[PDB]
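Shown here is one chain on its own, the form deposited in one PDB entry, set out as structure tokens.
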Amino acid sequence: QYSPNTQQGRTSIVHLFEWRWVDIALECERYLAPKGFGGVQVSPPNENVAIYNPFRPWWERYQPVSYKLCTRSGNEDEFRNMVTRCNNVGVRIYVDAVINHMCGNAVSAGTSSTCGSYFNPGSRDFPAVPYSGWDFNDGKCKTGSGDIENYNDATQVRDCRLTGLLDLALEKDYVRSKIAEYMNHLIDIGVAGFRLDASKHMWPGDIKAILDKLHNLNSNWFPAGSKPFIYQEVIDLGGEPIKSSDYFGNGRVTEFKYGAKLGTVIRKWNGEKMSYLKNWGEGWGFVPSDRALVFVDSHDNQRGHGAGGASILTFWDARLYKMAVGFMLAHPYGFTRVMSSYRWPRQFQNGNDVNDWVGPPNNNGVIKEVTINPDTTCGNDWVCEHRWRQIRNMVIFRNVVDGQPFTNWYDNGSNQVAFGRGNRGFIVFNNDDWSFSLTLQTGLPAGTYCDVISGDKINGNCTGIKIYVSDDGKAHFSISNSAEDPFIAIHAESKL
């Protein structure tokens, strides 16, 4: 469960948030494969409620109607076509599994679903599965409202409705079996793992019972005995009885403290600074590296919907964001997930975005295709951060230095720091209000290296900054606090 099952030398996953299956299929072939990406986290592939008020919000996909692979991203055939084409070029697919609940208990009954399946929240009937009143936690939940009211009570957090979402009785073998049926079908057609949505809201033991029913990965694409990669969504910021460690027996856990803290130090909140990052990792109260799924921002908190709060850096903060993603991809801690978003009309009023519900770019509710511009950026309002040179090159940087230890750390006691990864890579950051100009020990072999942040290595030359490493491994770095990207990165494969 702990291993991502990516092809050897592939160390990251990209969340192609709300992308259609046909676009991901193409992306795997034209970009993800040749650029060394390990895999893709796809949006929930199961049928959900079609919500019109507001108009097709992104969150409607977290309100299941059935397990039919039929959504705005595509039908069952288009989904498998995607998994097959991606696997064929060595790029994995990870499914966002929404298995804790079905839709909101107040949603009107009918066929307002992405595949037309009928469902009646009020009567607890979802015939397409099928689920009935016997499969929900109505009787088990002890709160007066029936919803989660107090997180200091680990029981209601698991047995009551998350914001009114009908809560499945995951202790029942019938329910466990219907979920396993859905997940095994996905495994058998090729998915390499799952994001277990709302895991804090499920008992560690119930998740375990469901995982016990899962098959090994498709033996045509994966080695015999491969188990699906499992990363559970648990937002654990430290002040509750439920700890993400309670879920280690099932697989990895999302480390939401990661992006939260990286955001506060890079924004320099509360006197924090990059020099403090020398002991980044468990030293900051994070889960063990081998149990962490890390990221700077997620589809949830990039729009203030989850946790990490106001400190979270996103594509909106492009300059600082690239640097944060750069530090994450260079540092050995955890398994990295990079975000790929769509632009929405963010509109702040009293410090809150009233358009944080807005769904993916669409024409009358039909998600727009991802267009690729000549400069390799995306059109149709897809941000495509994974295509930003500064990020894509750090994804490659991570692959190049994989297995190499964190070494040669340097800091000016403020916000100018640097560190290397064995003798395969080195990165330098300047987040102070003044220039950084100094000779650093890089731990790299002598030679000329292309800085992969400002440019690229192209046919024996560099398009951007060049760094010269001497025989003792030292090299001079000069970064202005006014630089477009205040950080430089070089590695074994960017050497001329």
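Quick note: we count residues from 1 along the sequence shown, nothing fancier.
According to the PDB record, 377 to 385 carries the higher mean C-alpha B-factor of the two stretches 377 to 385 and 157 to 165.
Comparing the deposited coordinates for 247 to 255 and 78 to 86, the stretch with the larger average C-alpha B-factor is 78 to 86. Taking the PDB entry at face value, the top CA B factor among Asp197, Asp297, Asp206, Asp356 belongs to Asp356.
Comparing C-alpha B-factors across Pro288, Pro332, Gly104, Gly309 in the deposited entry, the largest value falls on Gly309. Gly326: CA B factor lies in the lowest third for its chain, per the PDB record. For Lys35, the recorded CA B-factor ranks within the middle third of the chain. Only modelled residues enter the ranking. In the deposited entry, the Cα temperature factor of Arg346 places it in the highest third of its chain's modelled residues. Sorting the modelled residues of the chain by their CA temperature factor places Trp58 in the lowest third. Looking at the C-alpha B-factors along this chain, the one for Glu18 belongs to the lowest third.
Keep in mind that the form solved in complex with a small molecule is missing from the display, and what follows is about it.
Heavy atoms within 4.5 Å of the small molecule in the deposited bound form map, among the stretches 398 to 406, 193 to 201, 180 to 188, 418 to 426, onto 193 to 201 alone.
Proximity of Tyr62, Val98 and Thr163 to the small molecule in the deposited bound form is complete: all three residues have a non-hydrogen atom within 4.5 angstroms.
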